[PDB]
>>> print(open('coords.csv').read())   # CSV, C-alpha atoms
chain,number,residue,atom,x,y,z
P,1,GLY,CA,-58.8,64.6,-93.0
P,2,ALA,CA,-60.7,65.5,-96.3
P,3,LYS,CA,-63.0,68.4,-95.8
P,4,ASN,CA,-66.0,67.6,-93.6
P,5,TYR,CA,-68.7,69.4,-91.7
P,6,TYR,CA,-67.8,67.8,-88.3
P,7,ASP,CA,-64.5,69.6,-88.2
P,8,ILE,CA,-65.8,72.8,-89.7
P,9,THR,CA,-68.6,72.9,-87.1
P,10,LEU,CA,-66.1,72.4,-84.3
P,11,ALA,CA,-63.8,75.3,-85.5
P,12,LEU,CA,-66.8,77.6,-85.9
P,13,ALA,CA,-67.9,76.7,-82.4
P,14,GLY,CA,-64.5,77.8,-81.2
P,15,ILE,CA,-65.1,81.3,-82.8
P,16,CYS,CA,-68.6,81.5,-81.2
P,17,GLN,CA,-67.2,80.4,-77.8
P,18,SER,CA,-64.9,83.4,-77.8
P,19,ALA,CA,-67.8,85.6,-78.8
P,20,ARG,CA,-69.9,84.4,-75.9
P,21,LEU,CA,-67.1,84.6,-73.2
P,22,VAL,CA,-66.5,88.2,-74.4
P,23,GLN,CA,-70.2,89.1,-73.9
P,24,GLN,CA,-70.1,87.5,-70.4
P,25,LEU,CA,-67.0,89.4,-69.5
P,26,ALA,CA,-68.2,92.8,-70.9
P,27,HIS,CA,-71.6,92.7,-69.1
P,28,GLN,CA,-70.6,90.8,-65.8
P,29,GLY,CA,-66.8,91.1,-65.4
P,30,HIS,CA,-66.6,87.3,-65.2
P,31,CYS,CA,-67.4,84.3,-67.5
P,32,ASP,CA,-67.6,80.5,-67.6
P,33,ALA,CA,-64.2,79.6,-66.2
P,34,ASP,CA,-64.0,76.1,-67.7
P,35,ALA,CA,-64.8,77.4,-71.3
P,36,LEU,CA,-62.3,80.3,-70.9
P,37,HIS,CA,-59.7,77.8,-69.8
P,38,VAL,CA,-60.4,75.7,-72.9
P,39,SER,CA,-60.2,78.8,-75.2
P,40,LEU,CA,-57.1,80.3,-73.7
P,41,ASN,CA,-55.4,76.8,-73.8
P,42,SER,CA,-56.2,76.5,-77.5
P,43,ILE,CA,-53.8,79.5,-78.1
P,44,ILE,CA,-50.8,77.7,-76.5
P,45,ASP,CA,-51.5,74.0,-77.2
P,46,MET,CA,-48.9,73.3,-79.8
P,47,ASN,CA,-49.1,71.0,-82.9
P,48,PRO,CA,-52.6,69.6,-82.5
P,49,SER,CA,-53.2,66.3,-84.3
P,50,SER,CA,-56.9,67.0,-85.2
P,51,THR,CA,-59.4,69.8,-85.0
P,52,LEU,CA,-60.8,68.5,-81.8
P,53,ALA,CA,-57.3,68.3,-80.2
P,54,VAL,CA,-57.1,72.1,-80.5
P,55,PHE,CA,-59.8,72.3,-77.9
P,56,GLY,CA,-58.4,69.6,-75.6
P,57,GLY,CA,-59.7,66.5,-77.4
P,58,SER,CA,-63.2,66.4,-75.9
P,59,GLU,CA,-66.5,67.8,-77.5
P,60,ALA,CA,-67.7,68.8,-74.0
P,61,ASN,CA,-65.0,71.6,-74.0
P,62,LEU,CA,-66.9,73.3,-76.8
P,63,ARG,CA,-70.4,73.2,-75.3
P,64,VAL,CA,-70.5,76.9,-74.9
P,65,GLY,CA,-69.4,77.5,-78.5
P,66,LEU,CA,-71.8,74.9,-79.9
P,67,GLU,CA,-74.8,76.4,-78.1
P,68,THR,CA,-73.7,79.9,-79.2
P,69,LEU,CA,-73.3,78.8,-82.8
P,70,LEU,CA,-77.0,77.8,-82.8
P,71,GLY,CA,-78.1,81.3,-82.0
P,72,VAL,CA,-75.5,83.1,-84.2
P,73,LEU,CA,-76.6,81.1,-87.2
P,74,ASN,CA,-80.4,81.1,-86.6
P,75,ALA,CA,-81.5,83.8,-84.2
P,76,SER,CA,-82.4,86.6,-86.3
P,77,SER,CA,-82.9,89.8,-84.7
P,78,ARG,CA,-80.3,92.4,-85.8
P,79,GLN,CA,-81.0,93.5,-82.2
P,80,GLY,CA,-81.0,92.3,-78.6
P,81,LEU,CA,-78.3,90.6,-76.7
P,82,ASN,CA,-78.2,87.8,-79.2
P,83,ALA,CA,-77.1,90.2,-82.0
P,84,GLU,CA,-74.0,91.2,-80.0
P,85,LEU,CA,-72.8,87.6,-80.4
P,86,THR,CA,-73.3,87.7,-84.2
P,87,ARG,CA,-71.3,91.0,-84.4
P,88,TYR,CA,-68.4,89.6,-82.5
P,89,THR,CA,-68.3,86.3,-84.5
P,90,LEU,CA,-68.3,88.2,-87.9
P,91,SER,CA,-65.8,90.8,-86.7
P,92,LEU,CA,-63.4,88.0,-85.7
P,93,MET,CA,-63.9,86.4,-89.1
P,94,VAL,CA,-63.1,89.8,-90.8
P,95,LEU,CA,-60.0,90.4,-88.8
P,96,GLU,CA,-58.7,86.9,-89.3
P,97,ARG,CA,-59.0,87.4,-93.1
P,98,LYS,CA,-56.9,90.6,-92.8
P,99,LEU,CA,-54.4,88.7,-90.7
P,100,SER,CA,-54.0,85.9,-93.1
P,101,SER,CA,-53.6,88.3,-96.0
P,102,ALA,CA,-51.0,90.6,-94.4
P,103,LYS,CA,-47.5,89.5,-95.4
P,104,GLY,CA,-45.6,88.1,-92.5
P,105,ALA,CA,-48.4,88.6,-90.0
P,106,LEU,CA,-49.1,84.9,-89.2
P,107,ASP,CA,-45.4,84.4,-88.7
P,108,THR,CA,-45.2,87.3,-86.3
P,109,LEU,CA,-48.3,85.9,-84.5
P,110,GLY,CA,-46.8,82.4,-84.0
P,111,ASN,CA,-43.5,83.8,-82.7
P,112,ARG,CA,-45.3,86.1,-80.2
P,113,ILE,CA,-47.5,83.1,-79.0
P,114,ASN,CA,-44.5,80.9,-78.5
P,115,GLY,CA,-42.8,83.7,-76.7
P,116,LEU,CA,-45.4,83.4,-73.9
P,117,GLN,CA,-43.0,80.8,-72.6
P,118,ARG,CA,-41.0,83.8,-71.2
P,119,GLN,CA,-43.9,84.2,-68.7
P,120,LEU,CA,-45.4,80.7,-68.5
P,121,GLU,CA,-42.2,79.5,-66.8
P,122,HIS,CA,-43.2,81.6,-63.8
P,123,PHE,CA,-47.0,82.3,-64.1
P,124,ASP,CA,-50.1,80.2,-64.7
P,125,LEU,CA,-52.1,80.5,-67.9
P,126,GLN,CA,-55.0,82.2,-66.1
P,127,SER,CA,-52.9,84.7,-64.1
P,128,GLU,CA,-53.1,88.5,-64.5
P,129,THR,CA,-49.6,88.4,-66.0
P,130,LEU,CA,-50.5,85.9,-68.7
P,131,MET,CA,-53.8,87.6,-69.5
P,132,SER,CA,-51.9,90.8,-70.0
P,133,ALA,CA,-49.3,89.2,-72.1
P,134,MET,CA,-52.0,87.5,-74.3
P,135,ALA,CA,-53.8,90.8,-74.6
P,136,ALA,CA,-50.6,92.5,-75.7
P,137,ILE,CA,-50.3,90.0,-78.6
P,138,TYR,CA,-53.9,90.8,-79.7
P,139,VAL,CA,-53.3,94.6,-79.4
P,140,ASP,CA,-49.8,94.7,-81.0
P,141,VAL,CA,-50.2,92.2,-83.8
P,142,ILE,CA,-53.9,91.8,-84.7
P,143,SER,CA,-56.1,94.7,-83.7
P,144,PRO,CA,-54.2,97.4,-85.8
P,145,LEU,CA,-55.1,95.5,-89.0
P,146,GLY,CA,-58.6,97.0,-88.8
P,147,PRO,CA,-60.9,99.4,-86.8
P,148,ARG,CA,-61.3,98.1,-83.3
P,149,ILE,CA,-63.8,95.3,-82.6
P,150,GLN,CA,-66.4,97.3,-80.6
P,151,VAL,CA,-67.1,95.6,-77.2
P,152,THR,CA,-70.1,96.9,-75.2
P,153,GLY,CA,-71.7,95.8,-72.0
P,154,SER,CA,-71.5,97.5,-68.6
P,155,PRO,CA,-69.4,100.6,-69.1
P,156,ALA,CA,-68.0,100.7,-65.5
P,157,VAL,CA,-67.1,97.0,-65.7
P,158,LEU,CA,-65.2,97.6,-68.9
P,159,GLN,CA,-63.2,100.3,-67.1
P,160,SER,CA,-61.2,97.6,-65.4
P,161,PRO,CA,-57.8,96.9,-67.0
P,162,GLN,CA,-58.1,93.3,-65.8
P,163,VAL,CA,-61.4,92.9,-67.6
P,164,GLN,CA,-60.0,94.6,-70.7
P,165,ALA,CA,-57.0,92.1,-70.7
P,166,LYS,CA,-59.4,89.1,-70.3
P,167,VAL,CA,-61.5,90.4,-73.2
P,168,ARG,CA,-58.4,90.9,-75.5
P,169,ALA,CA,-57.0,87.5,-74.6
P,170,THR,CA,-60.4,85.9,-75.4
P,171,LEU,CA,-60.5,87.7,-78.7
P,172,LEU,CA,-57.0,86.3,-79.4
P,173,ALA,CA,-58.6,82.8,-78.8
P,174,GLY,CA,-61.3,83.7,-81.3
P,175,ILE,CA,-58.8,84.7,-83.9
P,176,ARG,CA,-57.0,81.4,-83.3
P,177,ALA,CA,-60.2,79.5,-83.9
P,178,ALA,CA,-60.9,81.5,-87.1
P,179,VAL,CA,-57.5,80.6,-88.5
P,180,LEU,CA,-58.4,76.9,-87.9
P,181,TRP,CA,-61.9,77.4,-89.4
P,182,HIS,CA,-60.3,78.5,-92.7
P,183,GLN,CA,-57.8,75.8,-92.6
P,184,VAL,CA,-60.4,73.1,-92.4
P,185,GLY,CA,-62.6,74.5,-95.2
P,186,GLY,CA,-64.7,77.2,-93.6
P,187,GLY,CA,-65.2,80.6,-95.0
P,188,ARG,CA,-67.7,83.3,-96.1
P,189,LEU,CA,-69.3,81.3,-98.9
P,190,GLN,CA,-69.2,78.0,-97.2
P,191,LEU,CA,-71.1,79.5,-94.3
P,192,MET,CA,-73.7,81.2,-96.7
P,193,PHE,CA,-74.3,77.8,-98.3
P,194,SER,CA,-74.2,75.5,-95.2
P,195,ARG,CA,-76.0,77.1,-92.3
P,196,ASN,CA,-78.4,74.1,-91.8
P,197,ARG,CA,-75.7,71.5,-92.2
P,198,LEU,CA,-73.7,73.3,-89.5
P,199,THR,CA,-76.7,73.9,-87.2
P,200,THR,CA,-77.7,70.2,-87.5
P,201,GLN,CA,-74.1,69.0,-86.8
P,202,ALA,CA,-73.9,71.2,-83.7
P,203,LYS,CA,-77.3,69.9,-82.4
P,204,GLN,CA,-76.0,66.3,-83.0
P,205,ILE,CA,-72.9,67.0,-80.9
P,206,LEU,CA,-74.9,68.6,-78.1
P,207,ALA,CA,-77.2,65.5,-78.1
P,208,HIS,CA,-74.2,63.2,-78.0
P,209,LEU,CA,-73.0,65.1,-74.9
P,210,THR,CA,-76.4,64.7,-73.2
P,211,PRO,CA,-77.4,60.9,-73.1
P,212,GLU,CA,-79.4,61.6,-69.9
P,213,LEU,CA,-81.8,63.6,-72.1
>>> encode(input="coords.csv", output="C-alpha coordinates")
Amino acid sequence: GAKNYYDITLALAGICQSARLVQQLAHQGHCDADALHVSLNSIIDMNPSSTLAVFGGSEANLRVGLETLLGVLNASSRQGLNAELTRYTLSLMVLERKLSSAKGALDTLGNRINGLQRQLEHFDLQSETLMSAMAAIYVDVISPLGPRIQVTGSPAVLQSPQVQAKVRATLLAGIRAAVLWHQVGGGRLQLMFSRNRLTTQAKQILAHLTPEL
(Lines of atoms letter the chains of each structure in order from A and count residues from 1; the text may use other names and numbers.)
(Lines give C-alpha, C1' and ligand atoms only; values in the text may rest on other atoms or scores of the structure.)
Protein backbone atom coordinates (compact mmCIF):
# COMPACT_ATOMS: atom_id res chain seq x y z
CA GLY A 1 0.00 0.00 0.00
CA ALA A 2 1.94 3.13 1.16
CA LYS A 3 5.35 3.35 -0.49
CA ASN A 4 7.80 0.75 0.80
CA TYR A 5 11.10 -0.79 -0.16
CA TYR A 6 9.72 -4.38 -0.34
CA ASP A 7 7.53 -3.52 -3.35
CA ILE A 8 10.12 -1.22 -4.96
CA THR A 9 12.74 -4.03 -4.71
CA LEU A 10 10.40 -6.55 -6.33
CA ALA A 11 9.62 -4.22 -9.31
CA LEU A 12 13.34 -3.46 -9.75
CA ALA A 13 14.05 -7.16 -9.72
CA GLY A 14 11.60 -7.52 -12.61
CA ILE A 15 13.57 -4.97 -14.67
CA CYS A 16 16.86 -6.79 -13.82
CA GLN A 17 15.32 -10.22 -14.65
CA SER A 18 14.60 -8.93 -18.21
CA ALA A 19 18.18 -7.64 -18.45
CA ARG A 20 19.62 -10.98 -17.48
CA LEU A 21 17.34 -13.06 -19.80
CA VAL A 22 18.35 -10.76 -22.70
CA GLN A 23 22.06 -11.36 -21.90
CA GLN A 24 21.50 -15.12 -21.83
CA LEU A 25 19.58 -15.05 -25.14
CA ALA A 26 22.13 -12.81 -26.86
CA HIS A 27 25.19 -14.90 -25.93
CA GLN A 28 23.65 -18.43 -25.91
CA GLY A 29 20.40 -18.30 -27.93
CA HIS A 30 18.48 -19.73 -24.93
CA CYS A 31 17.72 -18.57 -21.35
CA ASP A 32 16.23 -19.77 -18.03
CA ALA A 33 12.86 -21.02 -19.21
CA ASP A 34 11.04 -20.62 -15.92
CA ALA A 35 12.20 -17.00 -15.46
CA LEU A 36 11.25 -16.17 -19.08
CA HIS A 37 7.82 -17.67 -18.47
CA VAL A 38 7.34 -15.47 -15.39
CA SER A 39 8.52 -12.34 -17.25
CA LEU A 40 6.41 -12.92 -20.40
CA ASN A 41 3.36 -13.74 -18.21
CA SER A 42 3.77 -10.42 -16.37
CA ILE A 43 2.93 -8.67 -19.68
CA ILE A 44 -0.47 -10.36 -20.05
CA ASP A 45 -1.52 -11.07 -16.41
CA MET A 46 -4.25 -8.48 -16.10
CA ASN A 47 -5.27 -6.32 -13.09
CA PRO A 48 -2.77 -7.56 -10.47
CA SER A 49 -3.77 -7.00 -6.88
CA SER A 50 -0.27 -6.40 -5.51
CA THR A 51 3.24 -5.92 -6.83
CA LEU A 52 4.12 -9.53 -6.24
CA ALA A 53 0.95 -10.67 -8.11
CA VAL A 54 2.46 -9.16 -11.32
CA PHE A 55 5.09 -11.84 -11.10
CA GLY A 56 2.67 -14.67 -10.29
CA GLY A 57 2.42 -14.21 -6.53
CA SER A 58 5.60 -15.97 -5.42
CA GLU A 59 9.04 -14.44 -4.66
CA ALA A 60 10.70 -17.53 -6.14
CA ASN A 61 9.53 -16.32 -9.57
CA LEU A 62 11.92 -13.30 -9.25
CA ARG A 63 15.02 -15.19 -8.12
CA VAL A 64 16.87 -14.41 -11.33
CA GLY A 65 16.00 -10.72 -11.09
CA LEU A 66 16.86 -10.46 -7.38
CA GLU A 67 20.31 -12.05 -7.90
CA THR A 68 20.86 -9.77 -10.95
CA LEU A 69 19.86 -6.68 -9.00
CA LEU A 70 22.68 -7.37 -6.50
CA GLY A 71 25.31 -7.15 -9.25
CA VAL A 72 23.66 -4.25 -11.13
CA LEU A 73 23.58 -2.13 -7.97
CA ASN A 74 26.96 -3.14 -6.49
CA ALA A 75 29.25 -4.65 -9.05
CA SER A 76 31.32 -1.86 -10.30
CA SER A 77 33.22 -2.44 -13.33
CA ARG A 78 32.01 -0.29 -16.19
CA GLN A 79 33.33 -3.34 -18.09
CA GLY A 80 32.96 -7.11 -18.20
CA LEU A 81 29.85 -9.20 -18.71
CA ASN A 82 28.39 -7.73 -15.58
CA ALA A 83 28.38 -4.21 -17.13
CA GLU A 84 26.12 -5.35 -19.97
CA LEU A 85 23.42 -6.01 -17.32
CA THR A 86 23.72 -2.47 -15.94
CA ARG A 87 23.49 -1.01 -19.46
CA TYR A 88 20.33 -2.92 -20.23
CA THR A 89 18.69 -2.07 -16.85
CA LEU A 90 19.38 1.68 -17.28
CA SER A 91 18.35 1.68 -20.95
CA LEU A 92 14.99 0.12 -20.05
CA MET A 93 14.53 2.76 -17.35
CA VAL A 94 15.30 5.57 -19.84
CA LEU A 95 12.89 4.19 -22.40
CA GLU A 96 10.17 3.74 -19.92
CA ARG A 97 10.41 7.42 -18.90
CA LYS A 98 10.04 8.38 -22.59
CA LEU A 99 7.04 6.05 -22.89
CA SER A 100 5.32 7.43 -19.83
CA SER A 101 5.94 11.05 -21.06
CA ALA A 102 4.70 10.59 -24.59
CA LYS A 103 1.04 11.58 -24.95
CA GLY A 104 -1.17 8.59 -25.61
CA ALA A 105 1.66 6.04 -25.63
CA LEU A 106 0.73 4.04 -22.50
CA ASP A 107 -2.85 3.86 -23.84
CA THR A 108 -1.58 2.52 -27.18
CA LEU A 109 0.62 0.03 -25.35
CA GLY A 110 -2.27 -1.33 -23.21
CA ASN A 111 -4.49 -1.72 -26.27
CA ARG A 112 -1.75 -3.56 -28.17
CA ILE A 113 -1.08 -5.90 -25.20
CA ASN A 114 -4.78 -6.76 -24.79
CA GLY A 115 -4.90 -7.37 -28.54
CA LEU A 116 -2.58 -10.36 -28.02
CA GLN A 117 -5.82 -12.22 -27.40
CA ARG A 118 -6.15 -12.25 -31.24
CA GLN A 119 -3.27 -14.85 -31.17
CA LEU A 120 -3.58 -16.30 -27.64
CA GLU A 121 -6.85 -17.94 -28.60
CA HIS A 122 -4.92 -20.24 -30.93
CA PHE A 123 -1.23 -20.18 -29.77
CA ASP A 124 0.58 -20.57 -26.45
CA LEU A 125 2.34 -17.67 -24.76
CA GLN A 126 5.82 -19.16 -25.46
CA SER A 127 5.17 -20.07 -29.13
CA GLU A 128 7.02 -18.43 -32.04
CA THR A 129 3.76 -16.71 -33.02
CA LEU A 130 3.35 -15.05 -29.65
CA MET A 131 7.02 -14.15 -29.33
CA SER A 132 6.74 -12.43 -32.69
CA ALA A 133 3.58 -10.64 -31.76
CA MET A 134 5.12 -9.42 -28.48
CA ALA A 135 8.25 -8.34 -30.30
CA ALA A 136 6.09 -6.30 -32.76
CA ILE A 137 4.55 -4.38 -29.83
CA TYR A 138 8.01 -3.47 -28.52
CA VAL A 139 9.28 -2.53 -32.02
CA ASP A 140 6.12 -0.60 -33.13
CA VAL A 141 5.20 1.24 -29.88
CA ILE A 142 8.25 1.54 -27.65
CA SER A 143 11.63 1.29 -29.43
CA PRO A 144 11.00 4.31 -31.78
CA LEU A 145 10.81 6.57 -28.76
CA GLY A 146 14.63 6.48 -28.53
CA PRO A 147 17.81 5.17 -30.18
CA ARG A 148 17.74 1.41 -30.11
CA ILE A 149 18.83 -0.48 -26.99
CA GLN A 150 22.12 -1.98 -28.14
CA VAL A 151 22.11 -5.80 -27.61
CA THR A 152 25.41 -7.60 -28.01
CA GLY A 153 26.52 -11.12 -27.50
CA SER A 154 27.30 -13.76 -30.11
CA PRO A 155 26.77 -12.05 -33.52
CA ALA A 156 25.78 -15.25 -35.34
CA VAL A 157 23.29 -16.23 -32.62
CA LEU A 158 21.75 -12.79 -32.89
CA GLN A 159 21.21 -13.31 -36.66
CA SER A 160 18.30 -15.63 -35.85
CA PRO A 161 14.91 -13.89 -36.16
CA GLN A 162 13.55 -16.25 -33.51
CA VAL A 163 16.24 -15.06 -31.08
CA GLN A 164 15.59 -11.41 -32.04
CA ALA A 165 11.86 -11.94 -31.32
CA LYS A 166 12.60 -13.51 -27.88
CA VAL A 167 14.98 -10.61 -27.06
CA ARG A 168 12.35 -7.97 -28.03
CA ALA A 169 9.58 -9.71 -26.15
CA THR A 170 11.85 -9.90 -23.03
CA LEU A 171 12.59 -6.21 -23.41
CA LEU A 172 8.84 -5.59 -23.47
CA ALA A 173 8.65 -7.46 -20.11
CA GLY A 174 11.44 -5.17 -18.83
CA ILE A 175 9.50 -2.05 -19.87
CA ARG A 176 6.40 -3.46 -18.14
CA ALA A 177 8.41 -3.92 -14.92
CA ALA A 178 9.79 -0.36 -15.24
CA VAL A 179 6.27 1.05 -15.43
CA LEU A 180 5.41 -0.84 -12.19
CA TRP A 181 8.69 0.41 -10.58
CA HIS A 182 7.66 4.03 -11.07
CA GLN A 183 4.13 3.33 -9.95
CA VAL A 184 5.30 1.95 -6.59
CA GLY A 185 7.74 4.81 -5.89
CA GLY A 186 10.88 3.93 -7.75
CA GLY A 187 12.84 6.30 -9.88
CA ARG A 188 16.20 7.95 -10.65
CA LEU A 189 16.62 9.76 -7.34
CA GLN A 190 15.10 7.08 -5.21
CA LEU A 191 17.64 4.59 -6.68
CA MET A 192 20.62 7.07 -6.09
CA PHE A 193 19.53 7.43 -2.49
CA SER A 194 18.57 3.83 -1.67
CA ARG A 195 21.04 1.41 -3.19
CA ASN A 196 21.84 -0.26 0.21
CA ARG A 197 18.19 -0.49 1.28
CA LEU A 198 17.37 -2.18 -2.01
CA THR A 199 20.41 -4.48 -1.88
CA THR A 200 19.66 -5.50 1.77
CA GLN A 201 15.97 -6.11 0.88
CA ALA A 202 16.90 -8.34 -2.11
CA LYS A 203 19.35 -10.38 0.00
CA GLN A 204 16.60 -10.80 2.64
CA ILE A 205 14.22 -12.19 0.03
CA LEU A 206 16.88 -14.57 -1.33
CA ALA A 207 17.53 -15.82 2.23
CA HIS A 208 13.75 -16.28 2.79
CA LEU A 209 13.78 -18.43 -0.39
CA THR A 210 16.63 -20.60 0.86
CA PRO A 211 15.84 -21.96 4.40
CA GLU A 212 18.13 -25.01 3.70
CA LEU A 213 21.08 -22.57 3.79
>>> closest_residue(input="coords.csv", among="P:205, P:52, P:40, P:177", to="residue 124 (chain P)", atoms="all atoms listed in the file")
P:40
>>> atom_distance(input="coords.csv", atom1="CA of residue 17 (chain P)", atom2="CA of residue 59 (chain P)")
12.6 Å
>>> atom_distance(input="coords.csv", atom1="CA of residue 95 (chain P)", atom2="CA of residue 127 (chain P)")
26.3 Å
>>> atom_distance(input="coords.csv", atom1="CA of residue 168 (chain P)", atom2="CA of residue 138 (chain P)")
6.2 Å
>>> residues_around(input="coords.csv", residues="residue 41 (chain P)", least_positions_apart="6", cutoff="9 Å", atoms="all atoms listed in the file", output="count of residues only")
5
>>> closest_residue(input="coords.csv", among="P:16, P:135, P:69, P:145", to="residue 103 (chain P)", atoms="only C-alpha atoms")
P:145
>>> closest_residue(input="coords.csv", among="P:203, P:182, P:98, P:166", to="residue 3 (chain P)", atoms="only C-alpha atoms")
P:182
>>> residues_around(input="coords.csv", residues="region 112-120 of chain P", least_positions_apart="6", cutoff="8 Å", atoms="only C-alpha atoms", output="PDB file with C-alpha atoms, in the frame of the given file")
ATOM      1  CA  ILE P  43     -53.800  79.500 -78.100  1.00  0.00           C
ATOM      2  CA  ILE P  44     -50.800  77.700 -76.500  1.00  0.00           C
ATOM      3  CA  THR P 129     -49.600  88.400 -66.000  1.00  0.00           C
ATOM      4  CA  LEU P 130     -50.500  85.900 -68.700  1.00  0.00           C
ATOM      5  CA  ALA P 133     -49.300  89.200 -72.100  1.00  0.00           C
ATOM      6  CA  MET P 134     -52.000  87.500 -74.300  1.00  0.00           C
ATOM      7  CA  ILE P 137     -50.300  90.000 -78.600  1.00  0.00           C
TER       8      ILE P 137
END
>>> closest_residue(input="coords.csv", among="P:81, P:57, P:148, P:63", to="residue 202 (chain P)", atoms="only C-alpha atoms")
P:63
>>> residues_around(input="coords.csv", residues="residue 66 (chain P)", least_positions_apart="4", cutoff="10 Å", atoms="all atoms listed in the file", output="VMD selection string")
chain P and resid 9 to 17 59 to 62 70 to 72 198 to 199 201 to 203 205 to 206
>>> closest_residue(input="coords.csv", among="P:99, P:167, P:192, P:207", to="residue 29 (chain P)", atoms="all atoms listed in the file")
P:167
>>> residues_around(input="coords.csv", residues="residue 163 (chain P)", least_positions_apart="3", cutoff="10 Å", atoms="all atoms listed in the file", output="list in words")
residues 22, 25, 26, 28, 29, 30, 128, 131, 157, 158, 159, 160, 166, 167, 168 and 169 of chain P
>>> closest_residue(input="coords.csv", among="P:150, P:73, P:139, P:100", to="residue 165 (chain P)", atoms="only C-alpha atoms")
P:139
>>> decode(input="coords.csv", residues="region 108-135 of chain P", atoms="N, CA and C atoms", output="mmCIF file, in the first residue's frame")
data_model
loop_
_atom_site.group_PDB
_atom_site.id
_atom_site.type_symbol
_atom_site.label_atom_id
_atom_site.label_comp_id
_atom_site.auth_asym_id
_atom_site.auth_seq_id
_atom_site.Cartn_x
_atom_site.Cartn_y
_atom_site.Cartn_z
ATOM 1 N N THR P 108 -1.887 3.328 -26.035
ATOM 2 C CA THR P 108 -1.580 2.521 -27.184
ATOM 3 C C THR P 108 -1.004 1.193 -26.757
ATOM 4 N N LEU P 109 -0.002 1.241 -25.863
ATOM 5 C CA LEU P 109 0.619 0.027 -25.347
ATOM 6 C C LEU P 109 -0.383 -0.961 -24.720
ATOM 7 N N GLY P 110 -1.253 -0.473 -23.821
ATOM 8 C CA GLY P 110 -2.270 -1.331 -23.209
ATOM 9 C C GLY P 110 -3.179 -1.993 -24.216
ATOM 10 N N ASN P 111 -3.620 -1.210 -25.213
ATOM 11 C CA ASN P 111 -4.490 -1.715 -26.268
ATOM 12 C C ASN P 111 -3.799 -2.778 -27.111
ATOM 13 N N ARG P 112 -2.516 -2.559 -27.432
ATOM 14 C CA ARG P 112 -1.748 -3.559 -28.172
ATOM 15 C C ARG P 112 -1.557 -4.867 -27.340
ATOM 16 N N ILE P 113 -1.270 -4.743 -26.059
ATOM 17 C CA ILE P 113 -1.082 -5.898 -25.203
ATOM 18 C C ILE P 113 -2.393 -6.694 -25.103
ATOM 19 N N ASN P 114 -3.530 -6.019 -24.893
ATOM 20 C CA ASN P 114 -4.782 -6.758 -24.788
ATOM 21 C C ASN P 114 -5.165 -7.400 -26.103
ATOM 22 N N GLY P 115 -4.693 -6.805 -27.210
ATOM 23 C CA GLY P 115 -4.900 -7.367 -28.538
ATOM 24 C C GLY P 115 -4.171 -8.661 -28.789
ATOM 25 N N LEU P 116 -3.221 -9.041 -27.904
ATOM 26 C CA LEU P 116 -2.576 -10.357 -28.022
ATOM 27 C C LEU P 116 -3.534 -11.521 -27.905
ATOM 28 N N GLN P 117 -4.707 -11.261 -27.362
ATOM 29 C CA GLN P 117 -5.818 -12.219 -27.395
ATOM 30 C C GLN P 117 -6.179 -12.682 -28.808
ATOM 31 N N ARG P 118 -5.910 -11.857 -29.821
ATOM 32 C CA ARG P 118 -6.148 -12.251 -31.235
ATOM 33 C C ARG P 118 -5.367 -13.539 -31.519
ATOM 34 N N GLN P 119 -4.154 -13.651 -30.970
ATOM 35 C CA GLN P 119 -3.269 -14.846 -31.168
ATOM 36 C C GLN P 119 -3.326 -15.834 -30.016
ATOM 37 N N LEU P 120 -3.591 -15.371 -28.792
ATOM 38 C CA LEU P 120 -3.580 -16.303 -27.644
ATOM 39 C C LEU P 120 -4.692 -17.317 -27.668
ATOM 40 N N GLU P 121 -5.744 -16.989 -28.419
ATOM 41 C CA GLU P 121 -6.848 -17.939 -28.603
ATOM 42 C C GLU P 121 -6.347 -19.253 -29.188
ATOM 43 N N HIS P 122 -5.417 -19.134 -30.131
ATOM 44 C CA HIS P 122 -4.924 -20.236 -30.932
ATOM 45 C C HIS P 122 -3.502 -20.737 -30.584
ATOM 46 N N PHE P 123 -2.687 -19.901 -29.943
ATOM 47 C CA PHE P 123 -1.234 -20.184 -29.771
ATOM 48 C C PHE P 123 -0.842 -19.965 -28.337
ATOM 49 N N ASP P 124 0.138 -20.700 -27.805
ATOM 50 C CA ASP P 124 0.584 -20.572 -26.450
ATOM 51 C C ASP P 124 1.469 -19.312 -26.263
ATOM 52 N N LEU P 125 1.594 -18.869 -25.034
ATOM 53 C CA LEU P 125 2.342 -17.669 -24.759
ATOM 54 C C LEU P 125 3.780 -17.763 -25.250
ATOM 55 N N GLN P 126 4.403 -18.939 -25.069
ATOM 56 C CA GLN P 126 5.817 -19.157 -25.461
ATOM 57 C C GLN P 126 6.077 -19.598 -26.878
ATOM 58 N N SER P 127 5.055 -19.700 -27.702
ATOM 59 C CA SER P 127 5.169 -20.069 -29.130
ATOM 60 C C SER P 127 5.941 -19.031 -29.932
ATOM 61 N N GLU P 128 6.498 -19.418 -31.078
ATOM 62 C CA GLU P 128 7.017 -18.427 -32.042
ATOM 63 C C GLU P 128 6.024 -17.341 -32.434
ATOM 64 N N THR P 129 4.733 -17.682 -32.641
ATOM 65 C CA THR P 129 3.760 -16.711 -33.025
ATOM 66 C C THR P 129 3.605 -15.632 -31.976
ATOM 67 N N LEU P 130 3.532 -16.050 -30.718
ATOM 68 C CA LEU P 130 3.347 -15.050 -29.653
ATOM 69 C C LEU P 130 4.593 -14.208 -29.404
ATOM 70 N N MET P 131 5.754 -14.835 -29.489
ATOM 71 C CA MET P 131 7.024 -14.151 -29.330
ATOM 72 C C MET P 131 7.140 -13.055 -30.398
ATOM 73 N N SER P 132 6.698 -13.375 -31.620
ATOM 74 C CA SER P 132 6.740 -12.428 -32.690
ATOM 75 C C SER P 132 5.768 -11.302 -32.530
ATOM 76 N N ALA P 133 4.596 -11.637 -32.037
ATOM 77 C CA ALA P 133 3.585 -10.642 -31.757
ATOM 78 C C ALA P 133 3.972 -9.693 -30.602
ATOM 79 N N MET P 134 4.607 -10.236 -29.563
ATOM 80 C CA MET P 134 5.117 -9.422 -28.475
ATOM 81 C C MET P 134 6.266 -8.531 -28.927
ATOM 82 N N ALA P 135 7.155 -9.105 -29.739
ATOM 83 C CA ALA P 135 8.255 -8.345 -30.303
ATOM 84 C C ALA P 135 7.719 -7.169 -31.113
#
